[PDB]
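Q: Below are the structure tokens for one structure; questions will follow.
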Amino acid sequence: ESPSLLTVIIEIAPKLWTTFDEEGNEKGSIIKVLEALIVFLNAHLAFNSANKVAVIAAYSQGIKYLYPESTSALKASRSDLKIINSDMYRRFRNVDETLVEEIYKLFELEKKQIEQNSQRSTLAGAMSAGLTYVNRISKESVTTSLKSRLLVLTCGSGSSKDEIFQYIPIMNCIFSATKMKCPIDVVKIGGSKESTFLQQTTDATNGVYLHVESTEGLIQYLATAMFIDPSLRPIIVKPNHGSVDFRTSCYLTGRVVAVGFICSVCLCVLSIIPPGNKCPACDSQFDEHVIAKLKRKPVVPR
Amino acid sequence: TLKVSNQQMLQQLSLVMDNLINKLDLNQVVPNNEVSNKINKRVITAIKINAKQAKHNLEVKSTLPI
Amino acid sequence: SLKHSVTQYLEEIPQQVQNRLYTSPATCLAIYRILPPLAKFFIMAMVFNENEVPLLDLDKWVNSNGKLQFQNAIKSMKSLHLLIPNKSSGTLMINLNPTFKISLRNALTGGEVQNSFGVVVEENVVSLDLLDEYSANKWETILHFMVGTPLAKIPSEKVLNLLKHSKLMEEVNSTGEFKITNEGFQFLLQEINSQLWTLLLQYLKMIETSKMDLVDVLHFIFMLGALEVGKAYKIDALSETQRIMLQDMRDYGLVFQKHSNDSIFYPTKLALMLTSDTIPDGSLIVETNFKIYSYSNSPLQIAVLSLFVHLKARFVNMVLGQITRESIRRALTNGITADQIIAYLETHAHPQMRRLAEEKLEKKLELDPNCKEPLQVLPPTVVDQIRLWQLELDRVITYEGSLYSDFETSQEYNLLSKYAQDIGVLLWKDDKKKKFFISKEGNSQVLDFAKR
Amino acid sequence: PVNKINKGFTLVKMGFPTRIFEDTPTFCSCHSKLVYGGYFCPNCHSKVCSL
Amino acid sequence: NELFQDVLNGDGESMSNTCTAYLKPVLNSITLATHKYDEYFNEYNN
Ligand SMILES: [Zn+2]
Ligand SMILES: [Zn+2]
Ligand SMILES: [Zn+2]
């Protein structure tokens with residue numbers, strides 16, 4: 001019906017993938033994930049002649065575009081390395097070769113810069129970059145009535161816990177994708193079953209969340225659950241099991257928040273009234289009268 | 001409600017390097033006819049759960065008399 | 001249309017011919033890209049697992065509001081024989097076609113393809129200045145001879161006898177010339193991608209010779225769809241029927257070759273836009289005094305205008321014309337009906353006519369919002385004059401046959417008339433005049449009924 | 001933008017209701033009509049239609 | 001509960017379950033409110 005832009009935000013973190021390899025029996029699961037992604041992107045390009053593909057990798061020290069390659073490299077180049085065979089379809093083959101060469105360049109760059117260890121994940125920035133690319137292609141409109149779809153291939157691996165600092169950018173990405181009617185799909189290849197922020201992302205942007213534990217057989221997951229072109233989203237149901245509760249985390253305890261209290265200024269969430277009669281995130285003094293109205297106990301006769 | 005060392009991280013990275021250079025056999029993505037069956041069973045159970053949930057969602061009609 | 005026409009042809013193709021057709025990965029890729037989105041989604045969800053898939057899983061995959069499209073996709077794939085049903089253990093189980101599955105998986109992952117996408121020799125020619133110019137020159141030649149302008153260069157006798165054996169391009173030898181038909185002008189109406197597809201489909205229909213192998217013919221067509229413009233390919237990967245049809249497509253303009261019997265050939269832009277598509281030229285202004293001002297520099301569009309517009313003057317941007325009675329009667333005697341003339345006028349109507357029609361419709365809705373009217377981009381006076389000229393052509397319509405009368409008994413006439421009504425060749429009957437009429441093709445049945 | 005002299009800085013007691021999923025319609029607590037889905041309030045477990 | 005028994009002995013197990021499913025959430029809500037009342041009552045007596 002209508003062509004679409006499939007933007008794959010893939011989180012290739014050496015730390016996370018090394019922990020995934022140590023948790024699993026096999027080694028080098030990055031290769032299996034990468035080749036399943038290659039076959040899935042070839043499948044998406046086989047779906048329609050005019051549809052488009054973008055890939056953004058979120059590595060340790062930032063983000064980098066994998067397909068298409070940087071225009072500075074386009075102007076400078078072409079050393080066509082022979083990782084992908086040249087007898088296959090050429091319209092898939094240039095895409096695949098550009099993707100694997102940029103994978104090789106990214107791994108060589110972070111092998112050079114391997115010494116610096118960072119606790120700052122760039123998945124949110126990569127998703128924001130993918131949303132900007134979606135907006136760019138939609139506003140350019142060289143192909144009329146182009147749909148768009150985000151697919152996020154992340155890995156948890158049981159090593160990195162939930163990150164509080166990612167909450168605001170992922171929420172902003174949710175609102176932007178909902179405004180542009182671009183679904184966000186998330187595949188989490190790891191041990192931790194629950195990823196609340198990306199689950200809320202899928203359920204609010206009308207995407208599919210899929211948590212998997214083994215890198216083997218990933219192409220069937222991608223071609224069955226993740227192959228939903230936005231042409232057929234309202235007529236194809238989604239396999240996103242495990243409905244998310246749309247809750248949040250307390251600012252000073254960290255637990256999931258039941259009936260609770262938020263600051264009226266900076267909208268921070270607290271499950272308890274903070275000590276010092278002052279907002280922790282906002283530094284506002286709170287009125288003793290109204291917080292005593294909060295601290296009152298319910299009434300019952302003796 | 002296991003911190004990996006830089007040496008073995010570099011070893012895993014170099015393993016990925018040589019595995020990318022020597023051959024990327026895309027025909028290896030095909031499952032071995034059993035994990036694909038288990039995967040399709042999991043996906044279709046999720047689809048059945050979601051379809052039973054969202055088969056049906058001015059008030060709606062009731063089986064009660066008025 | 002386009003996808004409907006190629007799907008209808010591929011459905012008319014028999015089952016074992018389809019199974020032989022599914023050998024090459026490029027043909028499987030093109031046939032897959034023809035399919036509807038649910039059919040394509042199910043095909044790709046069912047390629048990568050070798051085991052069995054039921055219809056109940058596919059039906060649970062579709063929402064409640066897409067069941068009609070699900071049935072459409074299932075019937076399309078079943079008619080195309082991409083699905084093999086199996087009746088075991090009480091569940092109607094579904095297999096993907098094995099040859100189609102293997103070829104599509106090979107096309108996706110890369111592997112054995114037996115050079116179904118060709119080989120490239122890295123030496124190229126310029127696409128816009130040479131390849132596009134050659135393909136456009138061949139297409140302009142074929143359509144200029146087809147619309148009937150005087151030409152110093154005429155196309156090849158292969159497409160001449162293709163055109164005279166096709167449904168369009170009628171021809172007489174008493175005068176010694178060709179006439180554009182109703183479907184001939186329809187051909188000029190649709191986009192050139194569907195023009196190329198319907199020419200290729202009629203060529204597929206007329207190739208019954210042993211020199212042409214139909215599966216190889218379709219392999220070459222879908223391979224040209226899969227190829228890219230501006231870089232070269234070898235003939236050595238082709239069979240001999242693909243060689244001679246490479247020569248035929250060189251004559252058509254789908255492919256360019258530097259010299260005849262060369263080892264290297266160059267596909268053109270029509271080869272890629274065969275698969276799918278992607279003030280304007282030919283945009284014209286109609287006025288109530290039947291004046292036509294068409295911003296066209298292309299001789300093809302000027303020639304197509306001359307089929308029903310009495311041209312008066314020509315500039316670089318635009319041509320002067322007048323929709324006159326004798327020009328419209330020329331088109332109507334050529335069989336170009338008033339509906340498709342008005343369709344051409346609408347599709348080439350000017351943006352200024354569009355915005356003035358929008359202003360008229362805005363004033364009409366702000367004056368009488370109770371009733372809604374269609375957007376009349378071009379004057380209804382000239383539209384009604386075109387339809388009135390159609391009616392003045394078709395004041396009388398003639399059917400030839402036999403009338404049986406002079407019946408002394410009314411019962412025999414009633415029996416003959418009800419027999420004619422049952423066999424469905426009657427046109428008129430009346431007992432008061434004792435007369436019933438039948439068509440020429442229906443004369444023989446009633447004649448043998450009366451004789452026996 | 002609020003003015004600096006305003007000192008109405010307080011907590012607002014609120015809860016995050018749970019999206020209930022049910023194949024049987026139930027009476028909503030806000031409009032008293034049959035609704036399939038809804039949200040259960042974390043404090044009193046009454047269902048609301050929209051948020 | 002009296003309405004539940006009335007539809008139970010009026011229409012017989014075919015639709016009383018449907019009426020119970022219709023009135024289940026507000027019954028749970030009022031039962032939870034009475035349970036909170038009893039809990040705070042006993043906490044102030046003890
Ligand atoms: Zn605050
Ligand atoms: Zn309500
Ligand atoms: Zn409540």
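Lettering and numbering for the structure tokens are positional, with chains as A, B, ... in the shown order, residues counted from 1 in each chain, and ligands counted from 1 in the shown order.
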Write out as an MDAnalysis selection string every residue belonging to chain B that has an atom at most 7 Å from any atom of chain C, counting only C-alpha atoms.

A: chainID B and resid 26:27 30 33 36:37 44 47:48 51 55

Q: Residues within 9 Å of ligand 3 (only C-alpha atoms and all ligand atoms), as a PyMOL selection string?

A: (chain D and resi 15+17+40-48) or (chain E and resi 29)

Q: Store the residues of this selection in a file with N, CA and C atoms, as a PDB file, in the first residue's frame.

A:
ATOM      1  N   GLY D  15      -3.025   9.248  43.028  1.00  0.00           N
ATOM      2  CA  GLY D  15      -2.593   7.897  42.763  1.00  0.00           C
ATOM      3  C   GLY D  15      -2.553   7.619  41.274  1.00  0.00           C
ATOM      4  N   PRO D  17      -3.713   4.956  38.716  1.00  0.00           N
ATOM      5  CA  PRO D  17      -4.605   3.799  38.624  1.00  0.00           C
ATOM      6  C   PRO D  17      -4.093   2.743  37.656  1.00  0.00           C
ATOM      7  N   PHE D  40      -8.654   1.003  37.649  1.00  0.00           N
ATOM      8  CA  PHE D  40      -8.925   0.847  39.075  1.00  0.00           C
ATOM      9  C   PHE D  40      -8.066   1.807  39.886  1.00  0.00           C
ATOM     10  N   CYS D  41      -8.733   2.618  40.708  1.00  0.00           N
ATOM     11  CA  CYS D  41      -8.067   3.578  41.576  1.00  0.00           C
ATOM     12  C   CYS D  41      -7.251   2.847  42.638  1.00  0.00           C
ATOM     13  N   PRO D  42      -6.021   3.283  42.922  1.00  0.00           N
ATOM     14  CA  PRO D  42      -5.192   2.555  43.899  1.00  0.00           C
ATOM     15  C   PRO D  42      -5.670   2.677  45.336  1.00  0.00           C
ATOM     16  N   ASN D  43      -6.531   3.643  45.650  1.00  0.00           N
ATOM     17  CA  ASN D  43      -6.950   3.864  47.029  1.00  0.00           C
ATOM     18  C   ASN D  43      -8.246   3.141  47.374  1.00  0.00           C
ATOM     19  N   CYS D  44      -9.239   3.197  46.489  1.00  0.00           N
ATOM     20  CA  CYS D  44     -10.561   2.661  46.767  1.00  0.00           C
ATOM     21  C   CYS D  44     -11.014   1.582  45.794  1.00  0.00           C
ATOM     22  N   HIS D  45     -10.218   1.278  44.764  1.00  0.00           N
ATOM     23  CA  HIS D  45     -10.522   0.264  43.744  1.00  0.00           C
ATOM     24  C   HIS D  45     -11.871   0.503  43.069  1.00  0.00           C
ATOM     25  N   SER D  46     -12.179   1.769  42.805  1.00  0.00           N
ATOM     26  CA  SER D  46     -13.284   2.120  41.925  1.00  0.00           C
ATOM     27  C   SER D  46     -12.737   2.356  40.528  1.00  0.00           C
ATOM     28  N   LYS D  47     -13.532   2.019  39.520  1.00  0.00           N
ATOM     29  CA  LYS D  47     -13.074   2.125  38.145  1.00  0.00           C
ATOM     30  C   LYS D  47     -13.528   3.438  37.523  1.00  0.00           C
ATOM     31  N   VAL D  48     -12.638   4.031  36.739  1.00  0.00           N
ATOM     32  CA  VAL D  48     -12.916   5.250  35.996  1.00  0.00           C
ATOM     33  C   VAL D  48     -12.722   4.959  34.516  1.00  0.00           C
TER      34      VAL D  48
ATOM     35  N   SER E  29     -15.262  -2.342  46.067  1.00  0.00           N
ATOM     36  CA  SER E  29     -14.928  -1.022  46.592  1.00  0.00           C
ATOM     37  C   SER E  29     -15.576  -0.774  47.952  1.00  0.00           C
TER      38      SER E  29
END

Q: Counting only C-alpha atoms, which residues of chain A sit at most 8 Å from some atom of chain B, and what is each one's closest atom pair with its distance in Å to one decimal, listed by chain and rising residue number, as a tab-separated table?

A:
residue	atom	partner	partner_atom	distance
A:14	CA	B:9	CA	7.0
A:15	CA	B:9	CA	7.1
A:18	CA	B:9	CA	6.1
A:19	CA	B:4	CA	6.6
A:27	CA	B:12	CA	7.6
A:28	CA	B:16	CA	5.9
A:30	CA	B:16	CA	7.3
A:31	CA	B:16	CA	6.7
A:32	CA	B:29	CA	7.3
A:35	CA	B:26	CA	5.9
A:36	CA	B:29	CA	5.9
A:38	CA	B:26	CA	8.0
A:39	CA	B:26	CA	7.1
A:83	CA	B:23	CA	6.0
A:84	CA	B:24	CA	6.6
A:104	CA	B:17	CA	7.3
A:107	CA	B:13	CA	7.6
A:111	CA	B:10	CA	7.4
A:115	CA	B:6	CA	7.8
A:159	CA	B:2	CA	6.9
A:216	CA	B:31	CA	7.3
A:217	CA	B:31	CA	5.3
A:218	CA	B:29	CA	7.6
A:219	CA	B:29	CA	6.4
A:220	CA	B:36	CA	6.9
A:221	CA	B:39	CA	7.2
A:225	CA	B:43	CA	7.4
A:237	CA	B:51	CA	6.8
A:238	CA	B:47	CA	6.5
A:239	CA	B:47	CA	4.6
A:240	CA	B:46	CA	6.8
A:241	CA	B:46	CA	5.6
A:254	CA	B:1	CA	8.0
A:255	CA	B:1	CA	5.8
A:256	CA	B:1	CA	7.8

Q: Keeping only N, CA, C and O atoms, write those residues as a CSV table (one decimal), in the first residue's frame.

A:
chain,number,residue,atom,x,y,z
A,14,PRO,N,29.6,-2.7,24.4
A,14,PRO,CA,30.5,-3.8,24.7
A,14,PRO,C,30.3,-4.4,26.1
A,14,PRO,O,30.4,-5.6,26.2
A,15,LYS,N,30.1,-3.6,27.1
A,15,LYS,CA,29.8,-4.0,28.4
A,15,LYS,C,28.6,-4.9,28.5
A,15,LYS,O,28.7,-6.0,29.0
A,18,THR,N,29.1,-8.2,26.5
A,18,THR,CA,30.0,-9.1,27.2
A,18,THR,C,29.4,-9.8,28.4
A,18,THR,O,29.6,-11.0,28.7
A,19,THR,N,28.6,-9.0,29.2
A,19,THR,CA,27.8,-9.6,30.3
A,19,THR,C,26.8,-10.6,29.7
A,19,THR,O,26.5,-11.7,30.4
A,27,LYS,N,29.1,-17.5,22.9
A,27,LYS,CA,29.9,-16.3,22.8
A,27,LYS,C,29.7,-15.6,21.5
A,27,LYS,O,29.3,-16.2,20.5
A,28,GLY,N,29.9,-14.3,21.4
A,28,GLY,CA,29.7,-13.5,20.2
A,28,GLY,C,28.3,-13.4,19.7
A,28,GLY,O,28.0,-13.6,18.5
A,30,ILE,N,26.6,-10.8,19.5
A,30,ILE,CA,26.5,-9.6,18.7
A,30,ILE,C,26.4,-9.9,17.2
A,30,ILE,O,25.7,-9.3,16.5
A,31,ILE,N,27.2,-11.0,16.8
A,31,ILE,CA,27.1,-11.4,15.4
A,31,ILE,C,25.8,-12.0,15.1
A,31,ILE,O,25.2,-11.7,14.0
A,32,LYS,N,25.2,-12.8,15.9
A,32,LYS,CA,23.9,-13.4,15.7
A,32,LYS,C,22.8,-12.3,15.6
A,32,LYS,O,21.9,-12.3,14.7
A,35,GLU,N,23.3,-10.3,12.3
A,35,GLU,CA,22.9,-11.0,11.1
A,35,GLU,C,21.4,-11.2,11.0
A,35,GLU,O,20.8,-11.1,9.9
A,36,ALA,N,20.7,-11.4,12.2
A,36,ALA,CA,19.3,-11.4,12.2
A,36,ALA,C,18.7,-10.0,11.8
A,36,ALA,O,17.7,-10.0,11.1
A,38,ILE,N,20.2,-7.9,9.8
A,38,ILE,CA,20.5,-7.8,8.4
A,38,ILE,C,19.4,-8.5,7.6
A,38,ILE,O,18.9,-7.9,6.6
A,39,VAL,N,19.0,-9.7,8.0
A,39,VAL,CA,18.0,-10.4,7.3
A,39,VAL,C,16.6,-9.7,7.4
A,39,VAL,O,15.8,-9.7,6.5
A,83,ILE,N,32.9,-8.9,3.2
A,83,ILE,CA,32.2,-9.6,4.3
A,83,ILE,C,30.9,-10.2,3.7
A,83,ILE,O,30.6,-11.4,4.0
A,84,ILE,N,30.1,-9.4,3.0
A,84,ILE,CA,28.9,-9.9,2.4
A,84,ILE,C,29.2,-10.3,0.9
A,84,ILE,O,29.9,-9.6,0.2
A,104,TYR,N,32.0,-2.4,11.6
A,104,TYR,CA,33.5,-2.6,11.8
A,104,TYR,C,34.2,-1.4,12.2
A,104,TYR,O,35.1,-1.4,13.1
A,107,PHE,N,33.3,-0.6,15.9
A,107,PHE,CA,34.1,-1.5,16.8
A,107,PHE,C,35.6,-1.2,16.8
A,107,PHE,O,36.2,-1.2,17.9
A,111,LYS,N,37.5,0.1,20.1
A,111,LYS,CA,38.7,-0.6,20.5
A,111,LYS,C,39.8,0.3,20.7
A,111,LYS,O,40.6,0.1,21.6
A,115,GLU,N,39.6,2.3,26.6
A,115,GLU,CA,40.0,2.5,28.0
A,115,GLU,C,39.0,3.3,28.8
A,115,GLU,O,38.9,3.1,30.0
A,159,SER,N,22.8,-7.1,34.0
A,159,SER,CA,23.9,-6.3,34.6
A,159,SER,C,23.6,-4.9,34.9
A,159,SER,O,23.8,-4.4,36.0
A,216,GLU,N,19.5,-16.9,19.5
A,216,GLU,CA,19.2,-17.8,18.4
A,216,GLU,C,17.7,-17.8,18.1
A,216,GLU,O,16.8,-17.6,18.9
A,217,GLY,N,17.4,-17.8,16.8
A,217,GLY,CA,16.0,-17.7,16.3
A,217,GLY,C,15.5,-16.3,16.3
A,217,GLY,O,14.2,-16.2,16.4
A,218,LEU,N,16.3,-15.3,16.3
A,218,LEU,CA,15.8,-13.9,16.4
A,218,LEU,C,15.1,-13.5,15.2
A,218,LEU,O,14.3,-12.6,15.2
A,219,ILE,N,15.5,-14.1,14.0
A,219,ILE,CA,14.9,-13.6,12.8
A,219,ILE,C,13.4,-14.0,12.7
A,219,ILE,O,12.6,-13.3,12.1
A,220,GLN,N,13.0,-15.1,13.4
A,220,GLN,CA,11.6,-15.5,13.4
A,220,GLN,C,10.8,-14.5,14.3
A,220,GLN,O,9.7,-14.1,13.9
A,221,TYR,N,11.4,-14.1,15.4
A,221,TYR,CA,10.8,-13.0,16.2
A,221,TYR,C,10.6,-11.7,15.4
A,221,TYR,O,9.6,-11.1,15.4
A,225,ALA,N,6.8,-10.9,14.8
A,225,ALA,CA,6.2,-9.9,15.7
A,225,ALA,C,6.6,-8.5,15.3
A,225,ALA,O,5.8,-7.6,15.5
A,237,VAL,N,-3.2,-7.4,15.3
A,237,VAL,CA,-3.0,-7.3,16.7
A,237,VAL,C,-1.6,-7.5,17.1
A,237,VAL,O,-0.8,-8.1,16.4
A,238,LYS,N,-1.2,-7.0,18.3
A,238,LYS,CA,0.2,-7.0,18.7
A,238,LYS,C,0.4,-8.1,19.8
A,238,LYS,O,-0.4,-8.3,20.7
A,239,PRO,N,1.5,-8.8,19.7
A,239,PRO,CA,1.8,-9.8,20.7
A,239,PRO,C,2.5,-9.3,22.0
A,239,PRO,O,3.1,-10.1,22.7
A,240,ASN,N,2.3,-8.0,22.2
A,240,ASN,CA,3.0,-7.4,23.4
A,240,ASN,C,2.3,-7.8,24.8
A,240,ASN,O,1.5,-7.1,25.4
A,241,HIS,N,2.7,-9.0,25.3
A,241,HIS,CA,2.2,-9.5,26.5
A,241,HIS,C,2.8,-8.7,27.7
A,241,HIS,O,3.8,-8.0,27.6
A,254,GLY,N,12.8,5.4,45.7
A,254,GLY,CA,13.1,4.6,44.5
A,254,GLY,C,12.1,3.5,44.2
A,254,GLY,O,12.1,3.0,43.1
A,255,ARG,N,11.2,3.2,45.1
A,255,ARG,CA,10.2,2.1,44.9
A,255,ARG,C,9.1,2.5,43.9
A,255,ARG,O,9.0,3.7,43.6
A,256,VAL,N,8.4,1.6,43.4
A,256,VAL,CA,7.2,1.9,42.6
A,256,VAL,C,6.1,2.6,43.5
A,256,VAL,O,6.0,2.3,44.7

Q: Could you pull out the residues sitting within 7 Å of ligand 2, using only C-alpha atoms and all ligand atoms, and write them as a list in words?

A: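 Listing the residues within 7 Å of ligand 2 gives residues 28, 29, 30, 31, 32, 33, 48 and 49 of chain D.
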
Q: Could those residues be written to a file, using N, CA and C atoms, as a PDB file, in the first residue's frame?

A:
ATOM      1  N   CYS D  28     -19.118   1.515  35.393  1.00  0.00           N
ATOM      2  CA  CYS D  28     -18.132   2.504  35.796  1.00  0.00           C
ATOM      3  C   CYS D  28     -18.655   3.316  36.978  1.00  0.00           C
ATOM      4  N   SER D  29     -17.724   3.856  37.761  1.00  0.00           N
ATOM      5  CA  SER D  29     -18.079   4.619  38.949  1.00  0.00           C
ATOM      6  C   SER D  29     -18.296   6.100  38.671  1.00  0.00           C
ATOM      7  N   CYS D  30     -18.006   6.568  37.459  1.00  0.00           N
ATOM      8  CA  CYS D  30     -18.118   7.984  37.133  1.00  0.00           C
ATOM      9  C   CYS D  30     -19.377   8.331  36.353  1.00  0.00           C
ATOM     10  N   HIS D  31     -19.832   7.452  35.463  1.00  0.00           N
ATOM     11  CA  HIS D  31     -21.009   7.717  34.650  1.00  0.00           C
ATOM     12  C   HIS D  31     -22.103   6.673  34.817  1.00  0.00           C
ATOM     13  N   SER D  32     -21.847   5.604  35.580  1.00  0.00           N
ATOM     14  CA  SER D  32     -22.802   4.519  35.838  1.00  0.00           C
ATOM     15  C   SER D  32     -23.287   3.871  34.539  1.00  0.00           C
ATOM     16  N   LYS D  33     -22.334   3.477  33.698  1.00  0.00           N
ATOM     17  CA  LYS D  33     -22.627   2.824  32.433  1.00  0.00           C
ATOM     18  C   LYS D  33     -21.721   1.612  32.262  1.00  0.00           C
ATOM     19  N   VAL D  48     -12.638   4.031  36.739  1.00  0.00           N
ATOM     20  CA  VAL D  48     -12.916   5.250  35.996  1.00  0.00           C
ATOM     21  C   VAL D  48     -12.722   4.959  34.516  1.00  0.00           C
ATOM     22  N   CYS D  49     -13.396   5.756  33.685  1.00  0.00           N
ATOM     23  CA  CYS D  49     -13.379   5.543  32.242  1.00  0.00           C
ATOM     24  C   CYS D  49     -12.116   6.114  31.610  1.00  0.00           C
TER      25      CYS D  49
END

Q: Do you know which residues are at most 8 Å from segment 19-27 of chain E counting only C-alpha atoms, after dropping those on the same chain fewer than 2 positions away, and could you put them as an NGL selection string?

A: (:B and (64)) or (:D and (24-27 or 29 or 34 or 45-47)) or (:E and (4 or 15-17 or 29-31))

Q: Please report the interatomic distance between atom CA of residue 82 of chain C and atom CA of residue 43 of chain C in Å with one decimal.

A: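 If I compute the distance from atom CA of residue 82 of chain C to atom CA of residue 43 of chain C, I get 8.5 Å.
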
Q: How would you write, as a list in words, the set of residues no farther than 9 Å from ligand 1 when counting only C-alpha atoms and all ligand atoms?

A: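 Written in the requested form, the residues are residues 262, 263, 264, 265, 266, 267, 268, 278, 279, 280, 281, 282, 283, 284 and 285 of chain A; 9, 10 and 11 of chain D.
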
Q: Once you have the residues from the selection above, write them out as a CSV table (one decimal), in the first residue's frame, restricted to N, CA and C atoms.

A:
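See part_12.csv below for the written result:
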chain,number,residue,atom,x,y,z
A,262,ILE,N,2.8,14.2,44.7
A,262,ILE,CA,3.7,14.9,43.8
A,262,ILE,C,3.9,16.3,44.2
A,263,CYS,N,5.0,16.9,44.0
A,263,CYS,CA,5.3,18.3,44.2
A,263,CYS,C,4.5,19.1,43.1
A,264,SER,N,3.8,20.2,43.6
A,264,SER,CA,3.0,21.0,42.7
A,264,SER,C,3.8,21.9,41.8
A,265,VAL,N,5.1,22.0,42.0
A,265,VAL,CA,6.0,22.9,41.3
A,265,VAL,C,6.7,22.1,40.2
A,266,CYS,N,7.6,21.2,40.6
A,266,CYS,CA,8.5,20.5,39.7
A,266,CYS,C,8.0,19.1,39.4
A,267,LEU,N,6.8,18.7,39.9
A,267,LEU,CA,6.1,17.5,39.5
A,267,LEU,C,6.9,16.2,39.9
A,268,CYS,N,7.8,16.3,40.9
A,268,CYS,CA,8.5,15.1,41.3
A,268,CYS,C,7.6,14.2,42.2
A,278,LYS,N,10.7,20.3,52.9
A,278,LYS,CA,11.2,20.9,51.7
A,278,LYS,C,11.2,19.9,50.6
A,279,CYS,N,11.0,20.4,49.4
A,279,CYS,CA,11.0,19.5,48.2
A,279,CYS,C,12.4,19.0,47.9
A,280,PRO,N,12.6,17.7,47.7
A,280,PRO,CA,14.0,17.2,47.4
A,280,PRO,C,14.5,17.6,46.1
A,281,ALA,N,13.7,17.5,45.0
A,281,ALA,CA,14.2,17.8,43.7
A,281,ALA,C,14.0,19.3,43.4
A,282,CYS,N,13.2,20.0,44.1
A,282,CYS,CA,12.7,21.3,43.7
A,282,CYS,C,13.2,22.4,44.7
A,283,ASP,N,13.5,22.1,45.9
A,283,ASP,CA,13.9,23.0,47.0
A,283,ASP,C,12.9,24.1,47.2
A,284,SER,N,11.7,23.7,47.5
A,284,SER,CA,10.6,24.6,47.8
A,284,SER,C,10.1,24.2,49.2
A,285,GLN,N,9.9,25.2,50.1
A,285,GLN,CA,9.4,25.0,51.4
A,285,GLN,C,7.9,24.8,51.4
D,9,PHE,N,3.0,26.3,47.7
D,9,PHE,CA,3.8,25.1,47.4
D,9,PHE,C,3.4,24.0,48.3
D,10,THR,N,2.7,23.0,47.8
D,10,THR,CA,2.1,21.9,48.6
D,10,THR,C,2.3,20.6,47.8
D,11,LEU,N,2.2,19.4,48.5
D,11,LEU,CA,2.0,18.2,47.8
D,11,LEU,C,0.6,18.1,47.4

Q: Mind checking which residues fall within 9 Å of residue 203 of chain A, counting only C-alpha atoms, ignoring those fewer than 6 positions away in the same chain, and posting them as a list in words?

A: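 So, after excluding close chain neighbours, the residues are residues 184, 209, 240, 243 and 244 of chain A.
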
Q: Kindly export the residues of the current selection with C-alpha atoms, as a PDB file, in the first residue's frame.

A:
ATOM      1  CA  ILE A 184       8.143   2.384  18.526  1.00  0.00           C
ATOM      2  CA  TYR A 209       7.415  -4.932  23.194  1.00  0.00           C
ATOM      3  CA  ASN A 240       2.963  -7.442  23.435  1.00  0.00           C
ATOM      4  CA  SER A 243       0.694  -5.035  30.200  1.00  0.00           C
ATOM      5  CA  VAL A 244       2.586  -2.209  31.914  1.00  0.00           C
TER       6      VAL A 244
END

Q: For chain D versus chain B, which residues have an atom no more than 8 Å away, and what is each residue's nearest atom pair and distance in Å rounded to one decimal, using only C-alpha atoms, chain-then-number order, as JSON lines?

A:
{"residue": "D:21", "atom": "CA", "partner": "B:53", "partner_atom": "CA", "distance": 6.6}
{"residue": "D:22", "atom": "CA", "partner": "B:53", "partner_atom": "CA", "distance": 6.8}
{"residue": "D:23", "atom": "CA", "partner": "B:53", "partner_atom": "CA", "distance": 6.4}
{"residue": "D:33", "atom": "CA", "partner": "B:59", "partner_atom": "CA", "distance": 5.8}
{"residue": "D:34", "atom": "CA", "partner": "B:59", "partner_atom": "CA", "distance": 5.3}
{"residue": "D:35", "atom": "CA", "partner": "B:59", "partner_atom": "CA", "distance": 6.4}
{"residue": "D:36", "atom": "CA", "partner": "B:57", "partner_atom": "CA", "distance": 5.8}
{"residue": "D:37", "atom": "CA", "partner": "B:57", "partner_atom": "CA", "distance": 6.6}

Q: Pull the closest atom pair for each residue of chain A that gets at most 9 Å from chain C, along with the distance in Å to one decimal, counting only C-alpha atoms, ordering rows by chain and then ascending residue number, as a tab-separated table.

A:
residue	atom	partner	partner_atom	distance
A:1	CA	C:37	CA	6.8
A:38	CA	C:109	CA	8.2
A:39	CA	C:109	CA	5.8
A:40	CA	C:108	CA	8.6
A:42	CA	C:108	CA	5.7
A:43	CA	C:108	CA	6.4
A:46	CA	C:29	CA	6.9
A:47	CA	C:33	CA	6.1
A:48	CA	C:33	CA	6.0
A:49	CA	C:276	CA	7.3
A:50	CA	C:278	CA	7.7
A:84	CA	C:110	CA	8.3
A:85	CA	C:110	CA	7.0
A:86	CA	C:110	CA	8.5
A:87	CA	C:115	CA	7.1
A:88	CA	C:110	CA	4.8
A:89	CA	C:117	CA	6.3
A:90	CA	C:117	CA	8.0
A:91	CA	C:228	CA	8.4
A:92	CA	C:108	CA	7.8
A:93	CA	C:110	CA	8.6
A:143	CA	C:278	CA	7.5
A:219	CA	C:48	CA	7.4
A:220	CA	C:48	CA	6.0
A:221	CA	C:45	CA	8.7
A:222	CA	C:45	CA	8.6
A:223	CA	C:45	CA	5.1
A:224	CA	C:45	CA	4.5
A:225	CA	C:45	CA	8.2
A:227	CA	C:41	CA	6.8
A:228	CA	C:41	CA	7.3
A:229	CA	C:37	CA	8.2
A:231	CA	C:37	CA	7.6
A:232	CA	C:37	CA	7.0
A:234	CA	C:63	CA	7.4
A:235	CA	C:63	CA	4.8
A:236	CA	C:62	CA	4.7
A:237	CA	C:63	CA	5.5
A:238	CA	C:61	CA	8.0
A:239	CA	C:61	CA	8.8
